[PDB]
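Okay, structure first, notes after.
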Amino acid sequence: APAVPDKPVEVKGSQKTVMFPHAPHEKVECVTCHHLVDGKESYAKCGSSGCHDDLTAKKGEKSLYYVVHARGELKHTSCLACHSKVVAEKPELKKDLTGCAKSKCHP
Ligand code: HEC
Ligand code: HEC
Ligand code: HEC
Ligand code: HEC
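What follows is the structure, encoded as structure tokens:
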């Protein structure tokens, strides 16, 4: 596996960029996010060509927005799906981890 980033990295949407910090996620398996594709490890950017490269649609497996924000029955864990579970146990973090504004993702 490539080196984990040791600084926040950009996650570019069509119109917003959110910084993603690996450090809070150190106990999360890499593969939870960097899921296998065709049975093989991959660490390419989520919005890479051939992956979640629809940066404007809100739904569909190609939609970057959907795979970040869906709280529905997806095939891998999205940011908001896991954060919803975290804030159930740590409700002081509700705005920080799930808010659409003034959150840690969208300050
Ligand atoms: C979800 C909570 C993650 C966990 C756990 C790990 N990574 Fe990650 N990584 C994640 C995102 C959302 C991004 C940004 C991707 C983008 O589309 O811009 C990254 C970035 C990386 C990179 C750079 C390449 C890339 O995919 O952009 C590397 C090399 C990387 N991450 C490695 C890595 C490893 C080795 C992890 C476990 C120790 C790991 N990440 C965990 C999301 C998440
Ligand atoms: C191309 C090599 C990809 C990269 C890099 C990433 N994803 Fe992906 N993702 C890809 C496929 C072919 C699929 C569908 C098959 C499956 O394995 O379920 C997915 C699926 C997801 C999902 C589920 C979406 C659904 O509709 O159920 C999520 C939540 C997801 N991917 C997230 C995700 C993230 C956060 C990534 C960067 C860290 C990422 N994927 C990389 C192809 C590829
Ligand atoms: C569980 C499997 C997670 C997934 C998937 C993602 N995140 Fe997460 N995130 C998780 C935890 C346990 C925490 C720490 C909560 C605590 O107890 O402190 C976080 C934290 C963040 C933060 C806040 C960092 C800070 O400012 O302190 C951010 C900005 C964040 N997470 C972003 C993020 C994104 C964009 C994700 C999908 C690519 C994502 N997280 C997935 C657990 C999990
Ligand atoms: C971190 C866990 C997030 C929280 C909380 C919320 N959003 Fe988010 N959002 C996040 C990322 C990683 C990105 C960039 C990648 C992508 O394209 O999804 C975004 C981006 C947006 C955008 C812009 C989309 C674009 O194409 O530029 C919008 C409109 C947006 N996010 C809305 C939104 C809402 C409604 C939220 C509350 C439920 C919310 N976000 C929370 C990460 C995170």
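Numbering follows the authors' numbering, in which position 57 of the sequence shown is assigned residue number 57; successive positions increment by one, without gaps. Heads up, the beta-carbon is just placed ideally off N, CA and C, and yes, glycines get one too.
Answer with buried or exposed for residue i, where buried requires no fewer than 16 other C-beta atoms within 10 angstroms of its C-beta.
i, result
"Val68", "buried"
"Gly50", "exposed"
"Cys100", "exposed"
In chain order, what residues of the same chain lie with their CB nearer than 8 Å to the CB of residue i, ignoring the 5 residues before and after it?
i, result
"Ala57", "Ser63, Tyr65 and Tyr66"
"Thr17", "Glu10 and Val11"
"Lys85", "none"
"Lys94", "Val87"
"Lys104", "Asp96 and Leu97"
From what residue to what residue does the beta strand (DSSP E) around residue i run?
i, result
"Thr17", "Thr17 to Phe20"
I'd like the list of long-range same chain contacts for residue i, defined as Cβ closer than 6 Å, with 5 residues on each side in sequence excluded.
i, result
"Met19", "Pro8"
"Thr77", "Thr32"
Measure the beta-carbon distance from residue i to residue j and round it to whole angstroms, keeping in mind my assumption that it falls under 8 Å.
i, j, result
"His34", "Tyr43", "5 Å"
"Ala1", "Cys46", "The pair is not a contact, with the Cβ atoms about 16 Å apart (cut-off 8 Å)."
Should residue i and residue j be called a contact, given that it needs their Cβ atoms to be closer than 8 Å?
i, j, result
"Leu97", "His83", "yes"
"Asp54", "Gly60", "yes"
What residue range does the alpha helix (DSSP H) around residue i cover?
i, result
"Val11", "Looking at the DSSP string, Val11 is not in any alpha helix (DSSP H); the run it does join, the beta strand (DSSP E), is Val9 to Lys12."
"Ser84", "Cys79 to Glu89"
"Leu64", "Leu64 to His69"
"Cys30", "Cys30 to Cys33"
"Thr98", "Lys94 to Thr98"
What residues in its chain sit with their C-beta under 7 Å from that of residue i, if we drop five residues either side in the sequence?
i, result
"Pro5", "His22"
"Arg71", "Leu80, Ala81 and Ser84"
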